[PDB]
Amino acid sequence: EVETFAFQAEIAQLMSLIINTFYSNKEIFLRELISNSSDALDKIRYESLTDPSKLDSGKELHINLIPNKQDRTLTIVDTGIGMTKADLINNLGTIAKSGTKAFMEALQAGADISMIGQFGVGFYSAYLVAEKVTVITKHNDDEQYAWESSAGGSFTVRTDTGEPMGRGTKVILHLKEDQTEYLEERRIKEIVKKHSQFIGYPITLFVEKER
Ligand SMILES: CN(C)c1cc2c(cc1Sc1nc3c(N)nccc3n1CCNCC(C)(C)C)OCO2
């Protein structure tokens with residue numbers, strides 16, 4: 001049911017560096033995730049031009065940001081192309097192995113952590129603000145899956161029984177206790193305005209309900 005996998009060594013090392021670094025400009029995580037969502041939306045849109053049935057699983061292309069102060073979670077949800085089981089357990093890490101290496105070489109050479117996106121490994125900037133990350137994802141060609149990792153060198157994959165989603169990806173950030181500023185409406189708005197103003201899809205920030 002729940003399978004556990006080891007990260008490749010280079011990715012484990014970058015995750016430890018990110019989760020333990022003293023780096024104050026942590027807000028870039030949201031730019032990186034929104035950008036990843038935007039690429040996923042780009043891909044399903046492009047593919048649907050030659051195969052319109054790929055949108056049977058959902059026509060709306062958007063990004064939602066959903067903070068939850070009770071659970072202390074921030075969720076980025078998109079209706080992009082999603083990820084398969086093969087992506088989650090192996091293929092993404094096969095690609096990220098080289099980008100993770102190049103990024104850590106650049107950090108040693110004096111590059112900034114905010115440049116992580118240029119190396120194709122921006123997803124891991126989520127561990128600037130999160131102690132655990134859960135990814136619920138559904139690709140047209142596969143079943144709905146739940147990926148999860150608290151760093152420490154391993155991650156799990158299981159078939160997801162909640163939701164379902166139709167198509168797309170939810171990144172659930174279980175925030176560190178001292179990073180709850182990223183659950184506030186005004187903070188999230190400021191970050192999106194500064195880093196994601198030109199994203200070509202509707203970004204809807206959900207507001208929380210209790211006064
Ligand atoms: C480091 N790294 C790449 C990564 C590792 C992960 C991970 C996600 C990602 S980044 C991401 N976010 C996505 C999203 N929101 N939707 C669909 C796919 C998404 N990918 C994968 C790349 N997509 C490229 C493409 C095909 C869109 C050009 O989850 C567990 O381990």
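Atoms within each ligand, like the ligands themselves, are counted from 1 in listed order. No hydrogens, no waters, no symmetry mates; every other heavy atom, side chains included, goes into these values. One is the number of the first residue; the rest follow in order along the sequence.
Side-chain N/O atoms of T94 and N91 include no donor and acceptor closer than 3.5 Å.
Summary of contacts: the protein heavy atom closest to atom 21 (C) of ligand 1 is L92 CD2, 3.6 Å. The single protein non-hydrogen atom nearest to atom 10 (S) of ligand 1 is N36 ND2, 3.5 Å, given as residue, atom name and distance. Atom 25 (C) of ligand 1 has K43 CD, 4.7 Å as its closest protein atom, hydrogens excluded (heavy atom only). For atom 30 (C) of ligand 1, the nearest non-hydrogen atom of the protein is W147 CE2, 3.2 Å. Nearest protein heavy-atom contact of atom 18 (C) of ligand 1 is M83 CG, 3.4 Å. Closest to atom 3 (C) of ligand 1, if we only count protein heavy atoms, is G120 O, 3.8 Å.
Note: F29 and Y182 meet the aromatic proximity criterion, with ring centroids under 6.0 Å apart.
Within a 6.0 Å radius of NZ in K194, more than 12 heavy atoms belonging to other residues, nucleotides or ligands are found. For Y23, the OH atom sits in a packed shell: over 12 heavy atoms of surrounding residues, nucleotides or ligands are nearer than 6.0 Å. For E47, the CD atom sits in a packed shell: over 12 heavy atoms of surrounding residues, nucleotides or ligands are nearer than 6.0 Å.
Of all atoms in ligand 1, listed by their number and element, those nearer than 4.0 Å to a heavy atom of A40 are 14 (C), 16 (N), 17 (C), 27 (C). Taking every heavy atom of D78 and a limit of under 4.0 angstrom, the matching atoms of ligand 1 come to 15 (N). For ligand 1, the atoms lying closer than 4.0 Å to a non-hydrogen atom of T169 are 14 (C), 15 (N), 16 (N), 17 (C).
There is no protein heavy atom closer than 4.0 angstrom to atom 23 (N) of ligand 1. Distance check on atom 28 (C) of ligand 1: every protein heavy atom falls at or beyond the 4.0 Å cut-off.
Under the 4.0 angstrom criterion for non-hydrogen atoms, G82 is in contact with ligand 1.
Judged purely by atom type and a 3.5 angstrom limit, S57 has no side-chain atom pairing as donor or acceptor with the backbone of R167.
Summarising the geometry of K176 relative to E131, their closest heavy-atom pair is CG-N, 3.9 Å, with the distance given to 0.1 Å.
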- Message: Under the criterion salt bridge (charged side-chain N to carboxylate O under 4.0 Å, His left out), I'd like the reasoning laid out for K138 against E163: C-alpha separation, chi angles, the key distance, then a yes or no.
- Response: CA-CA 11 Å; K138 172 73 177 69; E163 281 70 19; over 6 Å; no
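Here's the thing with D39: none of its N/O atoms is less than 3.5 angstrom from an N/O atom of ligand 1.
Looking at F123, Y145, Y124, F155 and measuring to atom 9 (C) of ligand 1, the nearest heavy atom belongs to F123.
Between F155 and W147, the two ring planes are parallel [angle under 30°; tilted spans 30° to 60°].
Looking at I76 against ligand 1, nothing comes within 4.0 Å, counting heavy atoms.
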